[PDB]
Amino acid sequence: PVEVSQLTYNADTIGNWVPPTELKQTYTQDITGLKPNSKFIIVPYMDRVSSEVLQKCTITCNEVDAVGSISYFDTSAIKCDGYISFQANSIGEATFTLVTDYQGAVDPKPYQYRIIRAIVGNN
């Protein structure tokens, strides 16, 4: 176990949300390979050319106690905001709900996420 005086944050795990294939879509996505039963926070980041066709995406976890929503929007009024604080399950997984409303969706570029883990205790 890591003493609080040696606490560090690992923030180098990044990934992509699978893009939708319809203009309005609700779906889920699993993230996998996490330390089992650890506490994490997932935050949005962006390095992404705007589609300029109003690609709105909201992510949440329907577990009570996974707290927060993440919002993405790429057209003029840029959103890359929110967070979700969650605990990975006993096999190192978590699931998220995505709700997308895109005004165009030919071959959309994924929105992007970063997972942060405090390395302290046995987390």
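For every residue, the number given is its place in the sequence shown, counted from 1.
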Between 59-67 and 42-50, name whichever shows the higher mean Cα B factor according to the PDB entry.
59-67
Comparing 81-89 with 31-39, where is the mean C-alpha B-factor higher?
31-39
Name the third of the chain's ranked CA B-factors that contains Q103, choosing lowest, middle or highest.
highest
Lowest, middle or highest third of the chain for the C-alpha temperature factor of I14?
lowest
Going by what the PDB entry lists, where does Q112 fall on CA B-factor within its chain: lowest, middle or highest third?
lowest
